[PDB]
Each structure stands twice: as structure tokens, then as C-alpha cells.
Amino acid sequence: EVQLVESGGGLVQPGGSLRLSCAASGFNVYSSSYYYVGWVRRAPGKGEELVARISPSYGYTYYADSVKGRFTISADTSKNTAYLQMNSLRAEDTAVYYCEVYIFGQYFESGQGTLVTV
Amino acid sequence: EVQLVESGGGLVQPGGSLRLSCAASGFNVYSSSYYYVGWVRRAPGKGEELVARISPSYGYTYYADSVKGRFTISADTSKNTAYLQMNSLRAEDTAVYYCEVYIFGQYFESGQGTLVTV
Amino acid sequence: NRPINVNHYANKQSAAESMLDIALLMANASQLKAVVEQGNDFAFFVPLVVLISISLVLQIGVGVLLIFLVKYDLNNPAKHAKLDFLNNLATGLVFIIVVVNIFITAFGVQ
Amino acid sequence: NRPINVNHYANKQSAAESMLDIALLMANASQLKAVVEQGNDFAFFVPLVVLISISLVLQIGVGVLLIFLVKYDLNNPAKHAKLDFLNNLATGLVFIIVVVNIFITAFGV
Amino acid sequence: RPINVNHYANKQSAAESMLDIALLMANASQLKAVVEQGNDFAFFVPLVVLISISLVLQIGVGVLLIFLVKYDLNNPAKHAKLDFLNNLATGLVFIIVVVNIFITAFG
Amino acid sequence: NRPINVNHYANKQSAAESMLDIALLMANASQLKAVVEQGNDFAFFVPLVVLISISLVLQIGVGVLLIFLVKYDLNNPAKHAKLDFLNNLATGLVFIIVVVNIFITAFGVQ
């Protein structure tokens with residue numbers, strides 16, 4: 001079974017910082033694999049928003065304009081892990097954040113996700 | 001396996017000087033390879049900025065316009081270690097500095113940078 | 001098994017597409033010359049010249065789009081929205097190109 | 001919200017290659033007709049017919065390769081061995097098709 | 001054991017310059033032939049304009065390839081220039097191909 | 001900003017070589033046709049046809065080599081030996097193609 005283990009949610013003051021991590025296991029990975037890890041957030045009364053995505057081998061990254069420059073995603077390729085660093089957290093960042101993994105057309109999502117309250 | 005080992009953080013006053021260093025291991029390096037080591041800084045309320053970059057096999061260097069002529073990047077290929085000498089630091093230099101490596105067209109960065117300036 | 005670098009595969013396809021686009025542009029340039037040399041006396045001069053000119057403009061445009069499709073990296077997730085839009089557009093222009101070449105044939109073979 | 005599905009991307013590209021191939025197949029067959037209607041009265045009849053026929057056979061072969069490049073799923077990590085080989089072969093045959101269309105264009109003027 | 005990748009890219013740019021030189025020679029020979037035909041040829045004006053554009057583009061690409069050889073692909077400060085110059089050369093070389101396709105068709 | 005991806009750089013340059021080689025194949029094939037159509041009566045027919053034929057054979061060969069260069073990832077030290085050998089060979093053949101096109105020009109100017 002493919003599993004994503006998610007951690008780092010919590011309660012923080014506005015303007016604070018947090019670091020989510022997502023260790024993925026149960027599938028083979030190589031360099032030049034068409035692989036992404038990312039983070040998606042959901043909140044009451046709002047749509048599902050893709051927060052960040054990384055190609056963990058090549059290091060290319062995407063951010064939503066709502067967090068671009070404030071957030072930063074990174075990869076830990078030999079530990080098959082990704083990290084999302086949050087800084088200058090706004091009240092509007094209050095949401096549940098789910099790790100995304102994408103492997104060659106197969107989409108995997110966090111078993112629970114984790115809650116960020118600002 | 002690849003690891004970056006990063007050191008030299010500080011909290012010095014304006015006009016002070018510091019020396020970041022970043023060892024790398026897990027890959028072979030040669031008198032000719034497309035190897036780069038560099039330093040990128042990230043700060044609350046400002047974008048990511050590449051501070052300096054070097055090709056250790058060749059000693060060609062790049063610097064930011066706010067950095068050129070006061071910092072100096074260098075590399076010791078005998079111990080696969082890069083150094084960033086930072087001189088005449090300014091309050092605007094208060095940022096988290098992360099080591100970067102590029103090899104084989106694939107990217108690695110330091111797991112946690114350092115804050116350098118008061 | 002160890003996978004393909006899918007960006008290199010997609011670039012090599014975009015290159016073969018640019019090569020076939022060149023071969024078609026060179027055929028339609030030859031058709032244009034062979035029509036313009038016959039001139040206004042030919043029974044279908046106006047529509048055939050218009051069709052060939054449209055086809056050439058579209059082909060040069062698709063070649064430019066294929067340059068940009070080779071420029072951007074299909075591994076870069078920030079570029080997905082551009083590579084996807086550019087590839088959809090290139091496929092749609094190649095569709096209009098093939099339709100116009102169907103009509104160029106339907107006139108030329110007379 | 002999801003990334004590019006590289007199978008749909010490779011399929012759209014292989015389809016566009018097939019459509020440019022079909023357009024060139026029609027252009028070459030129209031030239032073949034125009035040459036065969038002139039026949040042995042034209043000093044380059046034989047080589048131009050040979051070049052056009054070689055182009056048609058090559059590019060029909062490429063179209064069959066592109067049909068297989070559409071059939072195999074670029075998401076499947078085992079089928080990559082066939083997909084890379086056939087995409088190399090298609091690139092080579094497309095290059096030869098270019099070379100022959102260069103000679104067709106030079107000899108047709 | 002890895003290559004000096006600057007020597008590789010420099011040597012590629014050398015071959016690209018050499019092909020551009022051979023093409024510029026062939027285009028200048030063709031323009032010489034065209035100008036000896038004069039206005040008695042039907043496509044004289046557009047063929048002369050096509051070859052003129054082709055030569056100007058080729059001189060442009062040749063100067064780009066001079067700079068793609070002078071700057072060092074290992075020098076990280078030149079990566080922005082070498083990237084811009086290489087994308088521009090890919091563009092101008094495409095326009096050169098398209099123009100020589102039409103010069104061929106009107107040949 | 002991030003360093004040049006040298007496999008993209010070498011791909012783009014080998015593509016520009018392939019494009020300039022195709023444009024020279026067009027120029028040489030047009031010259032060949034213009035010579036063969038004048039035939040044996042031209043003073044330099046034999047050497048000029050020989051030189052243009054050598055140029056074409058070498059130049060199609062270079063195009064095939066450039067298609068093999070793009071096959072190997074310049075990021076991979078396991079393939080640098082083949083990449084450097086094939087690029088040496090391609091550059092040597094391109095130099096010979098230039099020398100032949102110098103002689104083609106020297107006879108074509110007559």
C-alpha cells in the first residue's frame with residue numbers, strides 16, 4: 001500500500017512559522033521519474049486550493065499566488081520526504097493541509113491531513 | 001546518497017563579518033564536471049534571492065548586485081567544501097541562508113539554513 | 001524498471017513534429033510557387049492561394065509554438081499550465097492545418 | 001489543479017505528428033499524381049517518382065509507429081523500453097522523410 | 001572522466017558556425033546568380049528579398065555563435081547570457097530554415 | 001535562478017545544427033539539381049557534381065549523428081565518452097562539409 005505520513009500541524013500566532021513534512025513510501029522512485037509531491041489546503045466556505053508542488057528530483061517548484069514567496073517547499077530525496085515551510089502565516093492561512101503525491105498518473109492523498117490554525 | 005553539511009551561522013552586528021561553509025558528500029567530483037555550490041537567502045517579507053554561486057572545478061563565481069564586492073564565495077575541492085565569506089554585513093542581510101548544490105542537472109539544498117545577522 | 005525522462009521524450013516528439021511541419025511547409029511552399037506561376041488564369045487561383053497561405057501561416061505559427069514547447073521543461077510544475085496550453089493550441093492548429101491541406105488537395109488534384 | 005498527464009501529452013503530440021504526416025502524405029500523393037500525368041516526357045520523372053514513393057512508404061511507416069506510440073501508455077514504467085525505442089525510430093524515419101522531401105522540392109521546381 | 005562541458009558546447013557552436021558559414025556561401029552564390037538574371041526573372045524581387053533576409057539572419061546567428069564561444073558555459077555569471085543567446089539562436093535558426101525553404105521553392 | 005541544464009543546452013545546439021544542416025541540404029540539393037539539369041556540357045560538371053554529392057552524403061551523415069547525440073543525456077557521466085566521441089565526429093564532418101562547400105562555391109562562382 002502507498003502511504004503518506006504527515007506531520008507538523010499546530011496552532012500558531014499570525015505572522016508565525018510552521019513546517020509540515022510528508023514522508024511517502026510503498027512505491028519505487030528514481031531520478032527522471034515523473035514524480036511530484038505537493039500540499040493542498042481546504043477550509044470551510046472555500047474551494048480546495050493547491051498550495052505548493054515540487055518535482056523532488058529536479059527541484060522545480062510551483063506555488064499559489066496566495067502563498068508565493070511566503071511559503072517554500074523542499075525535498076529530501078534519499079528519505080523520499082518533502083517539507084513545506086510556512087512563514088508570515090496569515091489568518092487566511094487557517095486551513096487543513098493535505099500532502100499530495102503524484103506518481104505517473106496515479107494520485108495519492110493524505111490519510112488524515114493535518115490542521116493549521118493561525 | 002547525498003548530504004550537505006552546513007555551518008557558520010551567527011548573529012553579528014552591522015559592519016561585522018561571518019563565514020558560512022557547506023560540505024557535500026555522496027557524489028564524485030573531478031577537475032572537470034558540471035558541479036555548482038551556492039548560497040540562497042530567504043527572509044520574511046522578501047523573495048528568495050541567490051546570494052552567490054561557484055563552480056568549484058573552475059572558480060567562476062556569481063554574486064547578487066547587493067552582494068558583489070563585499071561577500072566572496074570560494075571552494076576547496078580537496079575536501080569538497082564551499083565557503084561564503086560575508087564582510088561588511090548590513091541589517092538588510094538578516095536572512096536565512098541555505099546551501100545549494102547542482103549536479104547532473106538535479107538539485108539538492110540544505111535542510112535548514114542559518115540567520116547570520118542580528 | 002528505470003523510467004524514461006519524459007521531458008526528453010516529449011522534446012524528441014516535439015522535434016519530430018517540427019521536422020514533419022518543415023516537410024509540409026516545404027511542400028506547401030512548392031505548391032504556392034506552382035500556383036502563383038500559373039496566376040489568375042487558373043480556375044481556383046483565389047481560393048487555392050488563400051488556402052495555401054493560411055496553411056503556411058499556421059505552419060510557421062506551429063513551428064514557433066514547438067520552439068516554445070521545447071524551451072520549457074515538462075518536469076517543471078510551474079510551467080505545466082503553459083506547456084499544456086501551448087500543446088493544446090499546437091494540436092488545434094495542426095488540426096486546422098490538416099483540414100486546410102484536405103481542401104488544398106481537393107482543389108489541386110483537379 | 002492536477003499536473004500534466006504525460007500520457008495525454010504524448011498522445012496529443014503523436015496525434016499532431018500523425019496529422020502533419022497525413023497532410024504531407026496528401027501533398028506527396030498530389031505531387032505523385034501530377035508527375036505521373038506528365039510521365040516520361042519529364043527528364044526527372046524516374047528519380048522524382050522514386051523519391052515520392054520512398055517518402056510515402058517511409059511516412060506510412062511513421063504513421064504506424066505513431067499509432068503504436070499512442071497505444072502504449074507513457075505512464076506505465078515498464079512500457080518505457082518500447083516507447084523510447086519507437087520514438088527514436090520515429091525521429092530517425094522523420095529525418096529521412098525530411099531529407100527525401102528536400103530532394104523532392106529541389107527536383108520538382 | 002566527465003567532459004569539460006564548455007569545450008563540448010564551444011565545439012558544438014563551432015560546428016553550428018561552420019554550417020552557417022557554408023550556408024552563407026551558398027546563399028551568396030545564389031544571390032550572385034539571381035542578380036545576374038535581373039528583372040527578366042519573374043520572382044526576382046521576392047527572391048532577392050528572401051536571400052537578403054537569409055544573409056542578414058545568418059550574419060546575426062554567426063555573431064551570436066561568436067559570443068556563445070567567447071563566454072564560458074562553466075561561468076555561472078554568463079548562464080543568463082548563454083541561455084538568452086542560445087534561445088535567440090534557436091529562433092533565428094528557425095527563421096533561417098523557413099526563409100531557405102522559400103528560397104528553395106522559388107529556386 | 002538556476003544553472004544551465006547542459007543536456008537542454010546541448011540538445012538545443014544539436015537541434016540548431018540539425019536545422020542549419022537541413023538548410024544547407026536544401027541549398028546543396030538545389031545546386032545539384034541546377035547542375036544536373038545543365039549536364040555534361042558544363043566545364044566543371046564532373047568535379048562539381050562530385051563535390052556536391054560528397055557534401056550531401058557527409059551532411060546526411062552529420063544529421064544522423066546529431067540525431068544520435070540528442071539520444072544520450074549529457075548529464076550522465078556514463079555516456080560522456082560516447083557523447084564526446086560522436087560530437088568530435090560530427091564537428092570533423094562539419095569541417096569537411098565546409099571545405100567541400102568552399103570548393104563548391106569556387107566552382108559555382110565561375
# chains A, B, ... in the order shown; residues from 1 in each chain; ligands from 1

$ calpha_fit_rmsd --fixed "chain B" --moving "chain A"
0.7 Å

$ closest_atom_pairs --of "chain A" --to "chain C" --cutoff "10 Å" --atoms "only C-alpha atoms" --output "CSV"
residue,atom,partner,partner_atom,distance
A:28,CA,C:1,CA,9.2
A:29,CA,C:2,CA,8.9
A:30,CA,C:2,CA,6.9
A:31,CA,C:5,CA,8.4
A:32,CA,C:5,CA,4.7
A:33,CA,C:3,CA,6.0
A:34,CA,C:6,CA,7.0
A:35,CA,C:75,CA,8.6
A:36,CA,C:77,CA,8.4
A:52,CA,C:77,CA,9.7
A:53,CA,C:77,CA,7.0
A:54,CA,C:77,CA,7.0
A:55,CA,C:75,CA,6.9
A:57,CA,C:75,CA,9.6
A:58,CA,C:75,CA,7.6
A:59,CA,C:76,CA,8.4
A:60,CA,C:76,CA,5.2
A:61,CA,C:77,CA,6.1
A:62,CA,C:78,CA,4.7
A:63,CA,C:78,CA,7.6
A:64,CA,C:78,CA,9.7

$ write_last_selection --atoms "N, CA, C and O atoms" --output "compact mmCIF listing (two decimals), in the first residue's frame"
# COMPACT_ATOMS: atom_id res chain seq x y z
N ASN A 28 8.35 2.54 -5.82
CA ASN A 28 9.70 2.83 -6.27
C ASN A 28 9.78 4.25 -6.82
O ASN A 28 8.83 4.75 -7.43
N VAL A 29 10.92 4.90 -6.60
CA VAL A 29 11.19 6.22 -7.14
C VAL A 29 12.60 6.25 -7.72
O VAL A 29 13.52 5.63 -7.17
N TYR A 30 12.75 6.96 -8.83
CA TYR A 30 14.04 7.17 -9.48
C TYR A 30 14.15 8.64 -9.84
O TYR A 30 13.14 9.35 -9.95
N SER A 31 15.38 9.10 -10.02
CA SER A 31 15.58 10.32 -10.78
C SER A 31 15.01 10.16 -12.19
O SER A 31 14.94 9.05 -12.73
N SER A 32 14.60 11.28 -12.78
CA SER A 32 13.88 11.28 -14.05
C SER A 32 12.52 10.58 -13.97
O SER A 32 11.82 10.49 -14.99
N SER A 33 12.13 10.09 -12.80
CA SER A 33 10.74 9.70 -12.60
C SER A 33 9.83 10.92 -12.69
O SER A 33 10.20 12.01 -12.25
N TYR A 34 8.64 10.74 -13.26
CA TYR A 34 7.65 11.81 -13.34
C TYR A 34 6.87 11.83 -12.03
O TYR A 34 5.75 11.32 -11.92
N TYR A 35 7.48 12.44 -11.02
CA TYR A 35 7.03 12.35 -9.64
C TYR A 35 6.83 13.75 -9.11
O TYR A 35 7.68 14.62 -9.32
N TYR A 36 5.71 13.98 -8.42
CA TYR A 36 5.51 15.21 -7.66
C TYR A 36 5.06 14.90 -6.24
O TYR A 36 4.39 13.90 -5.99
N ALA A 52 1.34 24.17 -2.71
CA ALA A 52 2.69 24.05 -3.24
C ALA A 52 2.86 22.68 -3.89
O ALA A 52 2.22 21.70 -3.49
N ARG A 53 3.74 22.62 -4.88
CA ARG A 53 4.13 21.37 -5.52
C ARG A 53 5.60 21.45 -5.90
O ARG A 53 6.09 22.51 -6.29
N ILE A 54 6.29 20.32 -5.79
CA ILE A 54 7.71 20.22 -6.12
C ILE A 54 7.94 18.98 -6.97
O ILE A 54 7.33 17.94 -6.75
N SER A 55 8.84 19.10 -7.95
CA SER A 55 9.48 17.93 -8.53
C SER A 55 10.71 17.57 -7.71
O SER A 55 11.76 18.20 -7.85
N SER A 57 13.15 15.49 -7.48
CA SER A 57 14.47 15.24 -8.04
C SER A 57 15.05 16.48 -8.71
O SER A 57 16.19 16.87 -8.42
N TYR A 58 14.30 17.10 -9.61
CA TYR A 58 14.79 18.26 -10.34
C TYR A 58 14.72 19.55 -9.54
O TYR A 58 15.40 20.52 -9.88
N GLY A 59 13.92 19.60 -8.48
CA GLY A 59 13.83 20.77 -7.64
C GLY A 59 12.98 21.90 -8.19
O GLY A 59 12.98 22.99 -7.60
N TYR A 60 12.27 21.69 -9.29
CA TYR A 60 11.32 22.68 -9.76
C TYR A 60 10.13 22.75 -8.81
O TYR A 60 9.66 21.72 -8.32
N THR A 61 9.63 23.95 -8.56
CA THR A 61 8.57 24.17 -7.59
C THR A 61 7.50 25.08 -8.17
O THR A 61 7.77 25.95 -9.00
N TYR A 62 6.26 24.87 -7.70
CA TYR A 62 5.13 25.73 -8.01
C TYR A 62 4.47 26.17 -6.71
O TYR A 62 4.39 25.41 -5.75
N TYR A 63 3.99 27.42 -6.70
CA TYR A 63 3.27 27.97 -5.56
C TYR A 63 2.03 28.71 -6.05
O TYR A 63 2.04 29.32 -7.12
N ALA A 64 0.96 28.66 -5.26
CA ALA A 64 -0.15 29.57 -5.46
C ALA A 64 0.25 31.00 -5.11
O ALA A 64 1.04 31.25 -4.21

$ atom_distance --atom1 "atom CA of residue E:74" --atom2 "atom CA of residue B:74"
15.1 Å

$ residues_around --residues "stretch 39-43 of chain B" --least-positions-apart "6" --cutoff "12 Å" --atoms "only C-alpha atoms" --output "PyMOL selection string"
(chain A and resi 17+69-72+85-88) or (chain B and resi 4+6+19-22+49-54+61-64+67+71-74+82-86+91-102+108-110+112-117) or (chain F and resi 1-2)

$ interface_residues --of "chain F" --to "chain E" --cutoff "6 Å" --atoms "only C-alpha atoms" --output "mmCIF file with N, CA and C atoms, in the first residue's frame"
data_model
loop_
_atom_site.group_PDB
_atom_site.id
_atom_site.type_symbol
_atom_site.label_atom_id
_atom_site.label_comp_id
_atom_site.auth_asym_id
_atom_site.auth_seq_id
_atom_site.Cartn_x
_atom_site.Cartn_y
_atom_site.Cartn_z
ATOM 1 N N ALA F 16 19.885 23.178 -33.423
ATOM 2 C CA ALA F 16 20.275 24.268 -34.314
ATOM 3 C C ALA F 16 21.259 23.806 -35.385
ATOM 4 N N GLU F 17 22.171 22.897 -35.038
ATOM 5 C CA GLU F 17 22.992 22.234 -36.049
ATOM 6 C C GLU F 17 22.148 21.463 -37.053
ATOM 7 N N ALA F 23 18.965 23.342 -43.811
ATOM 8 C CA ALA F 23 19.005 24.477 -44.736
ATOM 9 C C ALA F 23 20.149 24.371 -45.739
ATOM 10 N N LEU F 24 21.268 23.779 -45.334
ATOM 11 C CA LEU F 24 22.348 23.544 -46.281
ATOM 12 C C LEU F 24 22.036 22.378 -47.206
ATOM 13 N N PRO F 77 27.534 10.957 -16.629
ATOM 14 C CA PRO F 77 28.932 10.566 -16.869
ATOM 15 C C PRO F 77 29.164 9.210 -17.523
ATOM 16 N N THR F 91 31.625 17.293 -35.542
ATOM 17 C CA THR F 91 32.346 18.529 -35.841
ATOM 18 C C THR F 91 33.384 18.332 -36.940
ATOM 19 N N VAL F 94 31.478 18.206 -40.152
ATOM 20 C CA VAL F 94 31.034 19.556 -40.490
ATOM 21 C C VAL F 94 32.179 20.398 -41.046
ATOM 22 N N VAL F 98 32.302 22.093 -44.713
ATOM 23 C CA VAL F 98 32.695 23.464 -45.043
ATOM 24 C C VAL F 98 33.747 23.490 -46.143
ATOM 25 N N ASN F 101 32.096 22.795 -49.325
ATOM 26 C CA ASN F 101 31.291 23.916 -49.795
ATOM 27 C C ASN F 101 32.130 25.118 -50.213
#

$ interface_residues --of "chain B" --to "chain A" --cutoff "9 Å" --atoms "only C-alpha atoms" --output "VMD selection string"
chain B and resid 1 to 2 42 to 48 105 to 109 111

$ write_last_selection --atoms "C-alpha atoms" --output "PDB file, in the first residue's frame"
ATOM      1  CA  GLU B   1      23.016   9.223  -1.106  1.00  0.00           C
ATOM      2  CA  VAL B   2      23.823  12.942  -0.966  1.00  0.00           C
ATOM      3  CA  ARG B  42      15.155  33.721   2.223  1.00  0.00           C
ATOM      4  CA  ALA B  43      13.561  36.241   4.571  1.00  0.00           C
ATOM      5  CA  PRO B  44      10.135  37.291   5.880  1.00  0.00           C
ATOM      6  CA  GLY B  45       8.512  39.754   3.503  1.00  0.00           C
ATOM      7  CA  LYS B  46      11.091  39.347   0.735  1.00  0.00           C
ATOM      8  CA  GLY B  47      11.543  36.904  -2.110  1.00  0.00           C
ATOM      9  CA  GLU B  48      14.117  34.175  -2.380  1.00  0.00           C
ATOM     10  CA  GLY B 105      21.088  18.607 -13.671  1.00  0.00           C
ATOM     11  CA  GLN B 106      19.452  17.668 -10.353  1.00  0.00           C
ATOM     12  CA  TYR B 107      19.116  19.766  -7.237  1.00  0.00           C
ATOM     13  CA  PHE B 108      19.893  19.497  -3.519  1.00  0.00           C
ATOM     14  CA  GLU B 109      19.516  22.139  -0.816  1.00  0.00           C
ATOM     15  CA  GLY B 111      17.824  21.054   5.285  1.00  0.00           C
TER      16      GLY B 111
END

$ interface_residues --of "chain D" --to "chain E" --cutoff "10 Å" --atoms "only C-alpha atoms" --output "list in words"
residues 102, 105, 106, 108 and 109 of chain D

$ atom_distance --atom1 "atom CA of residue F:49" --atom2 "atom CA of residue F:109"
14.5 Å

$ interface_residues --of "chain D" --to "chain F" --cutoff "12 Å" --atoms "only C-alpha atoms" --output "ChimeraX atom specification"
/D:42-44,47-48,84-85,87-109

$ atom_distance --atom1 "atom CA of residue E:37" --atom2 "atom CA of residue F:45"
21.0 Å

$ select_by_dssp --residues "stretch 27-108 of chain F" --states "helix (DSSP H, G or I)" --output "number ranges by chain"
F: 27-36, 39-41, 45-69, 80-108

$ residues_around --residues "residue C:54" --least-positions-apart "6" --cutoff "10 Å" --atoms "only C-alpha atoms" --output "VMD selection string"
chain C and resid 48 96 to 97 100 to 101

$ residues_around --residues "residue A:14" --least-positions-apart "6" --cutoff "7 Å" --atoms "only C-alpha atoms" --output "PDB file with N, CA, C and O atoms, in the first residue's frame"
ATOM      1  N   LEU A  89       2.574  33.583   8.382  1.00  0.00           N
ATOM      2  CA  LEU A  89       1.262  32.957   8.282  1.00  0.00           C
ATOM      3  C   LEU A  89       0.162  33.960   8.593  1.00  0.00           C
ATOM      4  O   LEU A  89       0.149  34.574   9.664  1.00  0.00           O
ATOM      5  N   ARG A  90      -0.760  34.124   7.652  1.00  0.00           N
ATOM      6  CA  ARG A  90      -1.907  34.998   7.823  1.00  0.00           C
ATOM      7  C   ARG A  90      -3.080  34.221   8.414  1.00  0.00           C
ATOM      8  O   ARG A  90      -3.119  32.990   8.387  1.00  0.00           O
ATOM      9  N   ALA A  91      -4.042  34.964   8.964  1.00  0.00           N
ATOM     10  CA  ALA A  91      -5.278  34.340   9.426  1.00  0.00           C
ATOM     11  C   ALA A  91      -5.957  33.567   8.302  1.00  0.00           C
ATOM     12  O   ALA A  91      -6.510  32.485   8.524  1.00  0.00           O
ATOM     13  N   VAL A 118      -4.291  29.553  12.672  1.00  0.00           N
ATOM     14  CA  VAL A 118      -3.490  30.760  12.812  1.00  0.00           C
ATOM     15  C   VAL A 118      -4.155  31.708  13.801  1.00  0.00           C
ATOM     16  O   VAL A 118      -5.284  32.150  13.589  1.00  0.00           O
TER      17      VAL A 118
END

$ interface_residues --of "chain D" --to "chain A" --cutoff "8 Å" --atoms "only C-alpha atoms" --output "PyMOL selection string"
chain D and resi 1+5-6+75-76

$ write_last_selection --atoms "C-alpha atoms" --output "PDB file, in the first residue's frame"
ATOM      1  CA  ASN D   1      -5.164  21.547 -10.180  1.00  0.00           C
ATOM      2  CA  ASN D   5      -0.774  13.735 -17.550  1.00  0.00           C
ATOM      3  CA  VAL D   6       2.228  12.905 -19.726  1.00  0.00           C
ATOM      4  CA  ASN D  75       2.615   6.312 -17.569  1.00  0.00           C
ATOM      5  CA  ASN D  76       3.436   2.595 -17.431  1.00  0.00           C
TER       6      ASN D  76
END

$ decode --residues "chain F" --atoms "C-alpha atoms" --output "compact mmCIF listing (two decimals), in the first residue's frame"
# COMPACT_ATOMS: atom_id res chain seq x y z
CA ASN F 1 17.67 31.43 -10.88
CA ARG F 2 19.19 28.01 -11.56
CA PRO F 3 22.20 26.91 -13.64
CA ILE F 4 22.02 25.94 -17.28
CA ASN F 5 20.79 22.39 -17.76
CA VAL F 6 23.59 21.23 -20.05
CA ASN F 7 21.51 18.44 -21.58
CA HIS F 8 18.98 21.09 -22.65
CA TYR F 9 21.83 23.30 -23.87
CA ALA F 10 23.44 20.52 -25.92
CA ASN F 11 20.02 19.44 -27.22
CA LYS F 12 19.19 22.99 -28.33
CA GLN F 13 22.57 23.38 -30.04
CA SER F 14 22.37 19.97 -31.74
CA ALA F 15 18.90 21.00 -32.94
CA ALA F 16 20.28 24.27 -34.31
CA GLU F 17 22.99 22.23 -36.05
CA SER F 18 20.31 19.95 -37.49
CA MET F 19 18.33 22.98 -38.72
CA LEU F 20 21.35 24.65 -40.34
CA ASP F 21 22.30 21.28 -41.83
CA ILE F 22 18.79 20.95 -43.29
CA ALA F 23 19.01 24.48 -44.74
CA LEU F 24 22.35 23.54 -46.28
CA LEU F 25 20.88 20.29 -47.60
CA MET F 26 18.26 22.44 -49.34
CA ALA F 27 20.92 24.76 -50.78
CA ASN F 28 23.13 21.88 -51.96
CA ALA F 29 20.21 19.87 -53.38
CA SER F 30 19.04 22.94 -55.31
CA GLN F 31 22.58 23.47 -56.63
CA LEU F 32 22.84 19.77 -57.54
CA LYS F 33 19.58 19.91 -59.48
CA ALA F 34 20.67 23.12 -61.23
CA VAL F 35 23.94 21.42 -62.26
CA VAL F 36 22.47 18.08 -63.36
CA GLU F 37 19.90 19.96 -65.43
CA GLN F 38 22.75 21.68 -67.30
CA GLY F 39 24.50 18.34 -67.79
CA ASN F 40 27.81 17.16 -69.18
CA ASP F 41 28.41 20.24 -71.34
CA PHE F 42 29.32 22.44 -68.37
CA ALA F 43 33.07 22.91 -67.97
CA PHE F 44 33.19 21.75 -64.32
CA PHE F 45 30.23 19.34 -64.36
CA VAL F 46 32.11 16.25 -63.14
CA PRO F 47 34.04 17.81 -60.21
CA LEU F 48 31.09 19.98 -59.16
CA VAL F 49 28.63 17.07 -59.12
CA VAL F 50 31.21 15.00 -57.21
CA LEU F 51 31.75 17.75 -54.63
CA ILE F 52 28.02 18.38 -54.12
CA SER F 53 27.39 14.62 -53.82
CA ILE F 54 30.13 14.32 -51.19
CA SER F 55 28.67 17.33 -49.38
CA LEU F 56 25.20 15.75 -49.34
CA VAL F 57 26.39 12.31 -48.21
CA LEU F 58 28.53 13.83 -45.45
CA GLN F 59 25.71 16.15 -44.44
CA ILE F 60 23.00 13.48 -44.18
CA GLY F 61 25.59 11.57 -42.16
CA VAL F 62 26.07 14.54 -39.84
CA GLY F 63 22.29 14.81 -39.47
CA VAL F 64 22.13 11.16 -38.40
CA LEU F 65 24.97 11.77 -35.96
CA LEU F 66 23.19 14.80 -34.49
CA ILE F 67 20.10 12.61 -34.05
CA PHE F 68 22.28 10.15 -32.10
CA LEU F 69 23.85 12.94 -30.00
CA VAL F 70 20.41 14.01 -28.76
CA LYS F 71 19.81 10.38 -27.76
CA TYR F 72 22.32 10.49 -24.88
CA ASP F 73 21.90 12.55 -21.71
CA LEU F 74 24.82 14.97 -21.32
CA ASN F 75 24.04 14.93 -17.59
CA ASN F 76 25.18 11.29 -17.30
CA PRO F 77 28.93 10.57 -16.87
CA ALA F 78 28.36 7.01 -18.12
CA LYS F 79 27.64 8.39 -21.61
CA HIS F 80 30.11 11.28 -21.81
CA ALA F 81 32.60 9.05 -23.65
CA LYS F 82 30.10 8.37 -26.45
CA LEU F 83 28.74 11.92 -26.44
CA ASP F 84 32.23 13.40 -26.81
CA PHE F 85 33.22 10.87 -29.49
CA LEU F 86 30.07 11.49 -31.54
CA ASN F 87 30.40 15.26 -31.20
CA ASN F 88 34.05 15.12 -32.26
CA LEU F 89 32.97 13.11 -35.30
CA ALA F 90 30.09 15.46 -36.11
CA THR F 91 32.35 18.53 -35.84
CA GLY F 92 35.00 16.91 -38.03
CA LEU F 93 32.45 16.02 -40.69
CA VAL F 94 31.03 19.56 -40.49
CA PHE F 95 34.54 20.93 -41.07
CA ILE F 96 34.91 18.69 -44.12
CA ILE F 97 31.47 19.87 -45.28
CA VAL F 98 32.69 23.46 -45.04
CA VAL F 99 35.84 22.68 -47.04
CA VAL F 100 33.71 20.98 -49.69
CA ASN F 101 31.29 23.92 -49.80
CA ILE F 102 34.30 26.21 -50.24
CA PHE F 103 35.20 24.23 -53.36
CA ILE F 104 31.55 24.06 -54.47
CA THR F 105 31.48 27.86 -54.20
CA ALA F 106 34.82 28.25 -56.00
CA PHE F 107 33.50 26.26 -58.96
CA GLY F 108 29.99 27.75 -58.78
CA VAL F 109 31.33 31.30 -59.00
CA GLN F 110 32.74 30.58 -62.47
